[PDB]
Amino acid sequence: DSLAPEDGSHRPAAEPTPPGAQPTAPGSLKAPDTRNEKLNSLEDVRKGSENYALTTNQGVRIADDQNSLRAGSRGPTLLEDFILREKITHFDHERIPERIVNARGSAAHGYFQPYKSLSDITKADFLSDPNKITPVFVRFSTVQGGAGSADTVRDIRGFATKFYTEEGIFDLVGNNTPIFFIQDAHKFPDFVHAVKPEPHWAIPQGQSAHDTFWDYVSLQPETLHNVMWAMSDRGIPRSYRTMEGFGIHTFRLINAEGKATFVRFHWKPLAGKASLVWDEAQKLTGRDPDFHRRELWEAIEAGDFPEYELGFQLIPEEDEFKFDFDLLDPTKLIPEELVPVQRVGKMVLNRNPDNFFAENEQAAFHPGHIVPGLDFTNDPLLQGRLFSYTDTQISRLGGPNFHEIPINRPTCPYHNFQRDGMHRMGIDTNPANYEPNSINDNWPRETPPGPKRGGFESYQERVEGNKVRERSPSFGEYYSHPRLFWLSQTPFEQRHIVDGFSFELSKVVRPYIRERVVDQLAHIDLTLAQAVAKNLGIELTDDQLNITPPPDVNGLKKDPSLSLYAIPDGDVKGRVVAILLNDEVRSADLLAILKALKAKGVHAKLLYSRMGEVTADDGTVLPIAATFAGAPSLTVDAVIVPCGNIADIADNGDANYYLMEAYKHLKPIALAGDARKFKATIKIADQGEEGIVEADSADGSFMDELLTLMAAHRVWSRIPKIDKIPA
Amino acid sequence: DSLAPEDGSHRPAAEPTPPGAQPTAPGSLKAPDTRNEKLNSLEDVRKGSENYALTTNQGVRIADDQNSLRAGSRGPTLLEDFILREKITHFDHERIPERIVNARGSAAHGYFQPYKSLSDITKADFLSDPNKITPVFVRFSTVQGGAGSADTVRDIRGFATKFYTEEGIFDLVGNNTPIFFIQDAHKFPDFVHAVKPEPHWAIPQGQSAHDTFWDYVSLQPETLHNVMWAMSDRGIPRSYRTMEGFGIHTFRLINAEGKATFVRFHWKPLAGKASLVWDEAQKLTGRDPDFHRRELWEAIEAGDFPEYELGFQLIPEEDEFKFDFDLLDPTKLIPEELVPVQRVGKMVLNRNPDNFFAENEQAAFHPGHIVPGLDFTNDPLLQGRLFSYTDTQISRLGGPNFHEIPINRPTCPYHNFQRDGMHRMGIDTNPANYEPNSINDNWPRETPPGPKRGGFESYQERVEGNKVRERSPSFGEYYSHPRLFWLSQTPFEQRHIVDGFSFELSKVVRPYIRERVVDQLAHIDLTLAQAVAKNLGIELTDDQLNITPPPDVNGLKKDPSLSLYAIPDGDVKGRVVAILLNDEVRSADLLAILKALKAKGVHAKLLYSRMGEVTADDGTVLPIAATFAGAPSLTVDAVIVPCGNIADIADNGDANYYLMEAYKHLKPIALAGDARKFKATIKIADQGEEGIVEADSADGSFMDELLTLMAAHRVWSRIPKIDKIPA
Amino acid sequence: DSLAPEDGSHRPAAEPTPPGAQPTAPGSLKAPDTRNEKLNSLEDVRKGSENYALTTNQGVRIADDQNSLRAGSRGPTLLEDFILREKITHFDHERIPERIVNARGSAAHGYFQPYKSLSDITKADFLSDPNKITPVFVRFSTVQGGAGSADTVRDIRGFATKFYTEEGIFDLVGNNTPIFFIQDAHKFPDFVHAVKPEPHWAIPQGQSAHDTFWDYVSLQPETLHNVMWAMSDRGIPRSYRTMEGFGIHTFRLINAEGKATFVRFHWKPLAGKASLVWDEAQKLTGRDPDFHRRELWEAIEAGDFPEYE
Amino acid sequence: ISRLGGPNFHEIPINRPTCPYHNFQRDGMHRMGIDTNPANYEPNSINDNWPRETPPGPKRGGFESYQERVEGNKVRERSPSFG
Ligand code: HEM
Ligand code: HEM
Ligand code: HEM
């Protein structure tokens, strides 16, 4: 109809722009030049739209897409309207089953590149040449909730990477915590059923705060390690860009000589580690249930590409038994103070998808998708995972040919004797559909193992024992890793952990379940146990108070790599600041604030009590991003209030509340000139306090103080001060 | 490896070769230069094989495809064998549901072209110019049987054509008889359940000769007309090349002025019409159940392209009620005496598929797929057909994106706002997935109806009446069309119809049902009635004898276009002759025989009592295509026995039976020199018999009498003489 | 309504009758007194028909099952005809994928009874008591052909028995020859692809007589033992009642003490062994493609019950 | 049918009518009912046409649509009164 506005304002600029600045859009419309080989091979299935006639699926042009065919304009719909019928039919079949676990996820395209050849330890082609680029597709996710639940729940996050190598798809399907809850895959369905919504009423969504989770945990102490991690701030990351990633299981690297090495896979966030605080995370599920999805997407459109360093913990075959814990036990971490992570390569995520359904929702990852140069181990959880995935994927995607869906295909077409199945797209021409054959001179052919481009051979690990359904006795230790984790956290991290356990156990209706969790916490650490106990109105028995603590892990009293914050790794590029305007902002302060933010790659959003524009003292017209209520403090990393007619907003409940919520959630607050009248709102002494930047104006110094606070992410020293303000 | 023979005799030549000369092969390897737009756009999905490494579906190379992974070479299979599991999994899911009806079918690629422009009567783009070449994909099929049943059963045949036009797909989904068994689609599941295998035990396959079929026919006299056609020789085609094709329903052609014309579609075989005889047909379901599928594929590989003339019966709107039957009643035909068929264009099938499953099994046809220039009518069977197809196709193929399976795709990409669904291949980039929208400037957009390239508009037919579940009174006449068909058949064709009803009714267990059918035949024609009654040991009653025959159809009393044979139209090109050899063949006859057959494009198969070769009297070395028992006479159109050492085979029971069988089935037999010794086996008088070529040697003249007989297909005058042939 | 004949000859006698005397019927109407534990528990799902009104799937009675709803008796069919839509819709979805292998098969219900207690060698509840009977469900089949293929082809036959024991279902999934064609399950799809119809033209149905099968056999000599049996008259049995059956693999019997014993399972036809000859078998696929299915069902209706040891 | 898995979704417990339904529809994925009707079509004489159509009436009758008069041309048009 030519409904677009005459001005071109409906379509974003195909260049990197700041979050909130332009309508977001499909990846290849937004960043047409961001390319790689996999992204280039997808061009054959991308479809355009502009300037085409509207058609049926069979190519017939549609004249009237507003009406059904009927006998009279007020008469009955006629069965012969095939156009109406195809439209409703497709719509009626849009949905597919969501993943059993990790149904909520957000994904992006990018590339990986190794720093140096790793040929001495692995013949994996993607690790052999630093001038070589392997396209990747990453999907991050939550675990428990549906595809439509909230992003910022407390939970473990999945972190799956598909590597389209030259010798096959390698999928590195890991999580954001280095261990899992259970030891043997046989218990996956019991554990997952316990954390998922309870069967009689399907409640609660996206939460482990319910009886069944804690019943299970209280009966299966192998779970306490990963439960500590989830109860901590690790359970509620600030963003997918600011969390670690782990393969979890011990795998094998295999070189050209046949030497096998043990490896654990790590991803280090180049943006540093950072998480929200519980009240903030919970509230954020209400105000913006898509916060992680949006943030990841907008980060990529702004050019703040999520960057991660692939790292390896390497353990020679001869040191297999040299630890306190079993290397093949997935509830056990390998302390970096014992086995350091070696830097291997870098992954950059620089393009969003075009169609979430087509690329994200249909993407299929599998930990069994390994390439020559890698191999498994006998880890019993990994071993049972090797059976799931493909199984579930055919159910979910419609057939065994789901490897032909565009996102899932290798960069080089495969050749084998597999035929038919639902929705077969390739048309095979080989005369032979079996091997060995003589009618196609045996093609395609087997390829011996070799140093490069050889066929897949499993490592000839020795196998010895009886056929038994038995847990290895070396896996029977459950409290020493949870304790190592506990001792490595800072004091404010310990309290957050205490509050995580306290909050969750309080949603457990059956009191005895709470008491049993407390009993288990008393086997990890007495100080942890007493503080949780106290929050539940429980007193430990004398016996509980004398439980002897678990042994150290290989003599360690702590390991600082396990804390999010003990060792500062801050980075503010990509963070965002809220700027509370008034109806006559001193433009001098605004100019100084925005330019300083911009120099460090920090984003800003101009907020007011209404939408539209406000005009600064010199006549500068300032466009408003969102209102105070519309873009709450939960969504920003810090707040700045410029001088101006402060009386315009000083009595605005939403304005004041904005600073109270941000102060409560430990965020840096900066007040310029008369904005300092808000100090009374958050009870700040005349003197001032650490975490509150204030001055007569927003000069250079003022912005450097604010940015330094931003580099340390939150104002932990404010904790005792927040207790009292009602917010 | 190198399993193929060093001579290179595993590969068939990429040139037209006669039936059984070379191993058959996928169309693209057999005839790589036979092309059309559709065939060329499928090129992006065709896969090679030669010279490729064997890989998983993820592209990982397989070293050993002979063995499962185990703990020790005599041990248990390990769950971690992802190669085995991938291979078994895909194998586990190969099969998809067969079509509910017309499961058994054979298909080929080709092209259509009009003879002249039809723009005075339709704006359909494919009919607009004789230079407009339209790619087609045709699927011929039986109706009742499963995907694995026999080709030469007695049954109706389906004849489906997919036209890939420049304005969308138009599927012409017809049968090989001009009417259907029932009038309203409400009864399709009742009719089909009655003809299909009975529910308690699932017998019988591919046969209407059981009680439920004949019970339903006896209780539903609307069925009698198509029943007549099925029981005639029309029900047992020689081949898909030698049968007619019909759309059955009256449709509409709409021109650019908006004028509507009623039309019925015809497909006229340029190879002419030909059918087997019942016992040959039933015997052939056991010696070669794939006969028709085989013959179609090999005709094409030989360059004997199946060719059909598209024909239209055109009826002015104003003539709607000018006949003594309803135009909209699908159990009524339109005699070509009353409304002649106008030749409109020709279709040629010239290329077999590459993979049966991918292109034939997954093909989807819909009578509802029409294009501007065409429209429906109120025919109640066609109307209800538009509630089916799509629905069934989504459960067979697996999803609402089956239009994206390569064979089903329109030549040019479609644009609409439909999204997702299982196995979505298209990656959409439109910022808008709805309309109207301003964010993509309302694209893709509607297009008004017009002369060419316009959107679809239904002809505005007036609808008047009450919402009722009621049969039109005009449709209640069930006997005059069956009688017209009966009076138009030759006397041997009449006799074949009697035998069909008699044979079928003999298999009905409940005698009362046999009598109810005979009672129906008495309403059609007394002679047919008595003849069937007599074969069942039934005596017509007094009352049945005085039944007045139904009225003539618009004065007609026969219509030679309804008979298969009344008007000679045979074609010998592509037929096959069996040549019975001996160890001392007279090479003077072979050359002459082969020189004469090849001049009229008749193929030959050299048959002996063992395989390998025989040596001619002059030393010519003859390769044997098959044995007498391996390639029985049922598979040829005529049998020739050249002179030589007849003593070598005169006492061969297989040789003698071959001629007795060919004789009984009315096929031409040629006997040279001492071959006239075989006359005794088929008891032929010394002066000879019309239909038995005999001469002193196989000269030109002898070959000419053989070719002339073959042009007449079968020797109808031998019928009375086969009675006393124990074969 | 009065469609059945007045004499009542539309209905088969509910008693053992010989082949072709009466129209065959569903077992429970043919032999209502026949019973076993599994046949009795299938009762809650069986449905009658006589004297019931015709209804939709939601229980709405149907008045006119002959016509679609339209605007005028000659007018267009309306989308609001929910009775027509349901009927066509269920019809449209009737078929399911056939089995990958063994798609063509015939089955029947029955019972098993051990001659004596086997507790010395196995703790299996179904072999512990001679007065204890186990309901079974057996399906015989060919291997290569589709569900609509012919019975008397030359092929191996499947012999599968479902034991409904008191401690769980035990399925004995065997064949009518004591060995299989291949050694490692990894090659099953290769082998099966070779015997099945060749990929380009989907020919030939229900036959191993084509190039790919013999090619595979010639390159894989492990197949020659089962090939020998298939090329013999074992490949074309007279009936499923007159062929042997085998588990093929060595399994294990475990007693209460934990003592293992190697075992191979066998089925002996009390009717003895009998096969057709090649030409009779091939012509039969043309004259009666359902010969073995018919024969089995008819033997049961006649009281000539398939018996196996 | 796509969501729940087949045309027999009326047989999932929660969806079943209180009184058994009877018709000639057969098969489909996950068929729970075991039909014993000798006939799977109508009209049939082998089960004396059961189950049968029931004429409409005041109580317990077959479904009959109201006979609304239909008048107009086949159009893809919004009624102007809806505007
Ligand atoms: C170390 C332990 C595990 C980790 C790190 C892990 C990780 C993941 C991740 C990240 C995903 C989502 C991938 C995506 O975004 O599509 C996922 C999905 C899944 N996981 Fe695992 N998982 C673990 C254990 C298991 C086990 C023991 C099983 C069962 C044997 C299992 C079964 C599944 C299934 C069935 C899916 C859905 C996949 C799909 O629908 O494509 N997981 N897992
Ligand atoms: C004049 C009457 C009819 C004719 C000539 C006819 C013709 C055909 C043909 C030729 C096919 C097979 C196409 C192929 O090769 O894939 C077919 C399939 C089919 N027909 Fe029709 N048919 C008729 C009536 C009906 C009716 C009344 C219905 C239901 C109301 C129906 C339902 C179907 C279904 C469900 C299929 C299977 C479609 C698929 O799975 O792709 N047919 N019919
Ligand atoms: C000793 C060798 C084997 C024997 C005796 C055997 C026997 C059978 C039988 C009798 C059936 C049909 C059962 C029925 O009536 O439903 C069958 C089905 C089947 N077999 Fe086996 N088979 C053998 C080897 C294999 C192997 C090695 C595989 C795969 C690795 C396999 C996969 C299948 C499949 C996929 C089916 C279809 C079953 C269904 O859909 O319900 N068979 N087999």
# chains A, B, ... in the order shown; residues from 1 in each chain; ligands from 1

$ residues_around --residues "residue 112 in chain C" --least-positions-apart "5" --cutoff "8 Å" --atoms "only C-alpha atoms" --output "VMD selection string"
chain C and resid 133 to 136

$ residues_around --residues "range 173-186 of chain C" --least-positions-apart "5" --cutoff "6 Å" --atoms "only C-alpha atoms" --output "PDB file with N, CA, C and O atoms, in the first residue's frame"
ATOM      1  N   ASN B  67      32.857 -52.479  11.159  1.00  0.00           N
ATOM      2  CA  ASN B  67      32.762 -52.901  12.543  1.00  0.00           C
ATOM      3  C   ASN B  67      32.296 -51.893  13.579  1.00  0.00           C
ATOM      4  O   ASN B  67      32.757 -50.767  13.670  1.00  0.00           O
ATOM      5  N   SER B  68      31.495 -52.408  14.500  1.00  0.00           N
ATOM      6  CA  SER B  68      30.997 -51.672  15.635  1.00  0.00           C
ATOM      7  C   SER B  68      32.162 -51.504  16.599  1.00  0.00           C
ATOM      8  O   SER B  68      33.026 -52.388  16.587  1.00  0.00           O
ATOM      9  N   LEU B  84      28.251 -45.973  14.448  1.00  0.00           N
ATOM     10  CA  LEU B  84      27.204 -46.985  14.363  1.00  0.00           C
ATOM     11  C   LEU B  84      25.817 -46.392  14.660  1.00  0.00           C
ATOM     12  O   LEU B  84      24.866 -46.521  13.876  1.00  0.00           O
TER      13      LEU B  84
ATOM     14  N   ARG C 157      11.985 -65.711   6.424  1.00  0.00           N
ATOM     15  CA  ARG C 157      10.757 -65.337   7.097  1.00  0.00           C
ATOM     16  C   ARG C 157      11.080 -64.932   8.546  1.00  0.00           C
ATOM     17  O   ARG C 157      11.931 -65.563   9.196  1.00  0.00           O
ATOM     18  N   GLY C 158      10.319 -63.969   9.070  1.00  0.00           N
ATOM     19  CA  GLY C 158      10.510 -63.609  10.477  1.00  0.00           C
ATOM     20  C   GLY C 158       9.547 -64.462  11.299  1.00  0.00           C
ATOM     21  O   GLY C 158       8.470 -64.761  10.779  1.00  0.00           O
ATOM     22  N   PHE C 159       9.847 -64.711  12.551  1.00  0.00           N
ATOM     23  CA  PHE C 159       9.013 -65.481  13.472  1.00  0.00           C
ATOM     24  C   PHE C 159       9.116 -64.778  14.836  1.00  0.00           C
ATOM     25  O   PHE C 159      10.090 -65.073  15.528  1.00  0.00           O
ATOM     26  N   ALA C 160       8.158 -63.935  15.197  1.00  0.00           N
ATOM     27  CA  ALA C 160       8.276 -63.160  16.405  1.00  0.00           C
ATOM     28  C   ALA C 160       7.133 -63.462  17.364  1.00  0.00           C
ATOM     29  O   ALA C 160       5.974 -63.406  16.971  1.00  0.00           O
ATOM     30  N   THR C 223      27.900 -63.780   4.083  1.00  0.00           N
ATOM     31  CA  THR C 223      26.527 -63.983   3.711  1.00  0.00           C
ATOM     32  C   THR C 223      26.171 -65.322   3.080  1.00  0.00           C
ATOM     33  O   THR C 223      24.971 -65.619   2.933  1.00  0.00           O
ATOM     34  N   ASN C 226      23.505 -68.087   4.990  1.00  0.00           N
ATOM     35  CA  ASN C 226      22.100 -67.736   4.935  1.00  0.00           C
ATOM     36  C   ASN C 226      21.633 -67.681   3.484  1.00  0.00           C
ATOM     37  O   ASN C 226      20.449 -68.029   3.268  1.00  0.00           O
ATOM     38  N   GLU C 244      10.447 -74.123  10.346  1.00  0.00           N
ATOM     39  CA  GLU C 244      11.010 -74.043  11.712  1.00  0.00           C
ATOM     40  C   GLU C 244      11.212 -72.572  12.102  1.00  0.00           C
ATOM     41  O   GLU C 244      11.008 -71.679  11.283  1.00  0.00           O
ATOM     42  N   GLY C 245      11.646 -72.262  13.302  1.00  0.00           N
ATOM     43  CA  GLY C 245      11.914 -70.908  13.773  1.00  0.00           C
ATOM     44  C   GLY C 245      13.070 -70.966  14.772  1.00  0.00           C
ATOM     45  O   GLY C 245      13.495 -72.030  15.287  1.00  0.00           O
ATOM     46  N   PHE C 246      13.886 -69.918  14.828  1.00  0.00           N
ATOM     47  CA  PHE C 246      15.127 -69.900  15.584  1.00  0.00           C
ATOM     48  C   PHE C 246      15.388 -68.514  16.154  1.00  0.00           C
ATOM     49  O   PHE C 246      15.153 -67.532  15.437  1.00  0.00           O
ATOM     50  N   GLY C 247      15.952 -68.421  17.352  1.00  0.00           N
ATOM     51  CA  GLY C 247      16.360 -67.136  17.895  1.00  0.00           C
ATOM     52  C   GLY C 247      17.631 -66.616  17.227  1.00  0.00           C
ATOM     53  O   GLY C 247      17.979 -65.420  17.275  1.00  0.00           O
ATOM     54  N   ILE C 248      18.377 -67.559  16.614  1.00  0.00           N
ATOM     55  CA  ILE C 248      19.635 -67.374  15.922  1.00  0.00           C
ATOM     56  C   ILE C 248      20.803 -67.154  16.879  1.00  0.00           C
ATOM     57  O   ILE C 248      21.782 -67.894  16.873  1.00  0.00           O
TER      58      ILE C 248
END

$ residues_near_ligand --ligand "ligand 2" --cutoff "7 Å" --atoms "only C-alpha atoms and all ligand atoms" --output "ChimeraX atom specification"
/B:99-102,105,139-141,158-160,173-175,179-180,185-186,188,247-249,330,363-365,381-382,384-385,387-389,392-393,396 /C:88,92

$ write_last_selection --atoms "N, CA and C atoms" --output "mmCIF file, in the first residue's frame"
data_model
loop_
_atom_site.group_PDB
_atom_site.id
_atom_site.type_symbol
_atom_site.label_atom_id
_atom_site.label_comp_id
_atom_site.auth_asym_id
_atom_site.auth_seq_id
_atom_site.Cartn_x
_atom_site.Cartn_y
_atom_site.Cartn_z
ATOM 1 N N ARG B 99 0.905 -43.144 0.599
ATOM 2 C CA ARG B 99 -0.288 -42.341 0.346
ATOM 3 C C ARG B 99 -1.505 -43.173 0.759
ATOM 4 N N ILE B 100 -2.551 -42.575 1.308
ATOM 5 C CA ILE B 100 -3.762 -43.289 1.706
ATOM 6 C C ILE B 100 -4.391 -44.050 0.534
ATOM 7 N N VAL B 101 -4.456 -43.416 -0.620
ATOM 8 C CA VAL B 101 -4.917 -44.008 -1.859
ATOM 9 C C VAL B 101 -3.829 -43.691 -2.896
ATOM 10 N N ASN B 102 -3.668 -44.569 -3.893
ATOM 11 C CA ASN B 102 -2.695 -44.371 -4.942
ATOM 12 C C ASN B 102 -1.264 -44.424 -4.416
ATOM 13 N N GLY B 105 2.771 -46.175 -7.323
ATOM 14 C CA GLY B 105 2.864 -45.298 -8.470
ATOM 15 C C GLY B 105 4.296 -45.160 -8.990
ATOM 16 N N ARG B 139 3.006 -38.542 -12.206
ATOM 17 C CA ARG B 139 2.995 -39.771 -11.432
ATOM 18 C C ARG B 139 1.732 -40.569 -11.808
ATOM 19 N N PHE B 140 1.916 -41.783 -12.303
ATOM 20 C CA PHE B 140 0.876 -42.705 -12.688
ATOM 21 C C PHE B 140 0.761 -43.679 -11.494
ATOM 22 N N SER B 141 -0.424 -44.222 -11.225
ATOM 23 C CA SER B 141 -0.480 -45.100 -10.070
ATOM 24 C C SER B 141 -1.665 -46.036 -10.123
ATOM 25 N N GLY B 158 -4.370 -43.901 -11.588
ATOM 26 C CA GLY B 158 -4.297 -42.451 -11.390
ATOM 27 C C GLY B 158 -3.322 -41.862 -12.426
ATOM 28 N N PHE B 159 -3.544 -40.645 -12.870
ATOM 29 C CA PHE B 159 -2.691 -39.950 -13.854
ATOM 30 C C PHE B 159 -2.592 -38.470 -13.429
ATOM 31 N N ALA B 160 -1.563 -38.174 -12.639
ATOM 32 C CA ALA B 160 -1.296 -36.923 -12.000
ATOM 33 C C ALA B 160 -0.192 -36.139 -12.701
ATOM 34 N N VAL B 173 -4.806 -33.542 -11.458
ATOM 35 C CA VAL B 173 -4.861 -34.840 -10.792
ATOM 36 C C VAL B 173 -6.022 -35.712 -11.248
ATOM 37 N N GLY B 174 -5.771 -36.462 -12.343
ATOM 38 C CA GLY B 174 -6.820 -37.290 -12.900
ATOM 39 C C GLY B 174 -6.563 -38.776 -12.799
ATOM 40 N N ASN B 175 -7.439 -39.577 -13.382
ATOM 41 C CA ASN B 175 -7.460 -40.996 -13.517
ATOM 42 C C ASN B 175 -7.471 -41.315 -15.022
ATOM 43 N N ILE B 179 -14.949 -40.850 -15.446
ATOM 44 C CA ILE B 179 -15.844 -40.556 -14.348
ATOM 45 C C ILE B 179 -15.316 -41.227 -13.071
ATOM 46 N N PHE B 180 -15.934 -40.913 -11.930
ATOM 47 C CA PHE B 180 -15.518 -41.585 -10.705
ATOM 48 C C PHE B 180 -16.681 -42.446 -10.209
ATOM 49 N N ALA B 185 -18.032 -36.253 -2.024
ATOM 50 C CA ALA B 185 -16.781 -36.577 -1.344
ATOM 51 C C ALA B 185 -17.096 -37.114 0.038
ATOM 52 N N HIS B 186 -18.226 -36.792 0.666
ATOM 53 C CA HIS B 186 -18.604 -37.384 1.952
ATOM 54 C C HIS B 186 -18.455 -38.899 1.921
ATOM 55 N N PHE B 188 -16.243 -40.737 0.157
ATOM 56 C CA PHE B 188 -14.941 -41.298 -0.246
ATOM 57 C C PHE B 188 -14.383 -42.306 0.721
ATOM 58 N N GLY B 247 -9.543 -35.496 -16.333
ATOM 59 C CA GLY B 247 -9.574 -34.727 -15.077
ATOM 60 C C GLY B 247 -10.802 -35.109 -14.255
ATOM 61 N N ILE B 248 -11.780 -35.610 -15.004
ATOM 62 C CA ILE B 248 -13.071 -36.094 -14.599
ATOM 63 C C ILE B 248 -14.041 -34.950 -14.394
ATOM 64 N N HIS B 249 -13.786 -34.087 -13.399
ATOM 65 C CA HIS B 249 -14.679 -32.982 -13.144
ATOM 66 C C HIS B 249 -14.644 -31.917 -14.242
ATOM 67 N N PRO B 330 -19.922 -36.124 -11.423
ATOM 68 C CA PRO B 330 -18.708 -36.857 -11.754
ATOM 69 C C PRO B 330 -18.851 -38.327 -12.085
ATOM 70 N N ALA B 363 6.680 -36.584 -3.696
ATOM 71 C CA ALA B 363 5.960 -35.639 -4.529
ATOM 72 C C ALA B 363 4.545 -35.425 -3.978
ATOM 73 N N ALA B 364 4.074 -34.197 -4.060
ATOM 74 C CA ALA B 364 2.733 -33.879 -3.555
ATOM 75 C C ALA B 364 1.888 -33.138 -4.579
ATOM 76 N N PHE B 365 0.735 -33.692 -4.916
ATOM 77 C CA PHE B 365 -0.135 -33.150 -5.945
ATOM 78 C C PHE B 365 -1.449 -32.731 -5.280
ATOM 79 N N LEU B 381 -17.874 -33.745 -5.665
ATOM 80 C CA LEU B 381 -16.746 -34.626 -5.427
ATOM 81 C C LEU B 381 -15.465 -33.764 -5.466
ATOM 82 N N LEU B 382 -15.408 -32.879 -6.484
ATOM 83 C CA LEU B 382 -14.240 -32.012 -6.560
ATOM 84 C C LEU B 382 -14.254 -31.064 -5.368
ATOM 85 N N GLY B 384 -15.263 -31.456 -2.276
ATOM 86 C CA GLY B 384 -14.787 -32.106 -1.076
ATOM 87 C C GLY B 384 -13.331 -32.491 -1.169
ATOM 88 N N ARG B 385 -12.796 -32.693 -2.375
ATOM 89 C CA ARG B 385 -11.393 -32.973 -2.603
ATOM 90 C C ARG B 385 -10.503 -31.847 -2.085
ATOM 91 N N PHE B 387 -10.909 -30.402 0.692
ATOM 92 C CA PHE B 387 -10.698 -30.515 2.123
ATOM 93 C C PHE B 387 -9.560 -31.535 2.344
ATOM 94 N N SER B 388 -9.007 -32.132 1.313
ATOM 95 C CA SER B 388 -7.997 -33.188 1.551
ATOM 96 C C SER B 388 -6.650 -32.793 1.003
ATOM 97 N N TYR B 389 -5.834 -33.758 0.652
ATOM 98 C CA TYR B 389 -4.518 -33.546 0.066
ATOM 99 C C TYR B 389 -3.551 -32.833 0.999
ATOM 100 N N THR B 392 -3.193 -34.527 4.533
ATOM 101 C CA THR B 392 -2.579 -35.846 4.420
ATOM 102 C C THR B 392 -1.108 -35.702 4.081
ATOM 103 N N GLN B 393 -0.775 -34.699 3.267
ATOM 104 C CA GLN B 393 0.601 -34.481 2.853
ATOM 105 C C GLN B 393 1.430 -34.030 4.029
ATOM 106 N N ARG B 396 2.299 -37.205 5.993
ATOM 107 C CA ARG B 396 3.162 -38.167 5.289
ATOM 108 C C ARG B 396 4.569 -37.633 5.193
ATOM 109 N N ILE C 88 -13.280 -36.830 6.593
ATOM 110 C CA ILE C 88 -12.176 -36.751 5.636
ATOM 111 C C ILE C 88 -10.832 -36.638 6.346
ATOM 112 N N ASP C 92 -7.760 -39.087 5.928
ATOM 113 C CA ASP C 92 -6.499 -38.531 5.454
ATOM 114 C C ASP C 92 -5.270 -38.909 6.272
#

$ interface_residues --of "chain C" --to "chain D" --cutoff "8 Å" --atoms "only C-alpha atoms" --output "PyMOL selection string"
chain C and resi 1-5+10-11+25-26+28-29+45-65+71-72+87+89-91+93-96

$ residues_around --residues "residue 612 in chain B" --least-positions-apart "5" --cutoff "10 Å" --atoms "only C-alpha atoms" --output "PyMOL selection string"
chain B and resi 622-627

$ closest_atom_pairs --of "chain B" --to "ligand 3" --cutoff "12 Å" --atoms "only C-alpha atoms and all ligand atoms" --output "Markdown table"
| residue | atom | partner | partner_atom_place_in_ligand_line | distance |
| --- | --- | --- | --- | --- |
| B:68 | CA | ligand 3 | 30 (C) | 10.6 |
| B:77 | CA | ligand 3 | 30 (C) | 11.9 |
| B:84 | CA | ligand 3 | 30 (C) | 9.0 |
| B:85 | CA | ligand 3 | 30 (C) | 9.2 |
| B:86 | CA | ligand 3 | 30 (C) | 11.3 |
| B:87 | CA | ligand 3 | 30 (C) | 9.3 |
| B:88 | CA | ligand 3 | 30 (C) | 6.1 |
| B:89 | CA | ligand 3 | 35 (C) | 8.8 |
| B:90 | CA | ligand 3 | 35 (C) | 10.0 |
| B:91 | CA | ligand 3 | 35 (C) | 7.3 |
| B:92 | CA | ligand 3 | 35 (C) | 5.0 |
| B:93 | CA | ligand 3 | 35 (C) | 8.2 |
| B:94 | CA | ligand 3 | 35 (C) | 9.5 |
| B:95 | CA | ligand 3 | 40 (O) | 9.7 |
| B:96 | CA | ligand 3 | 40 (O) | 11.8 |
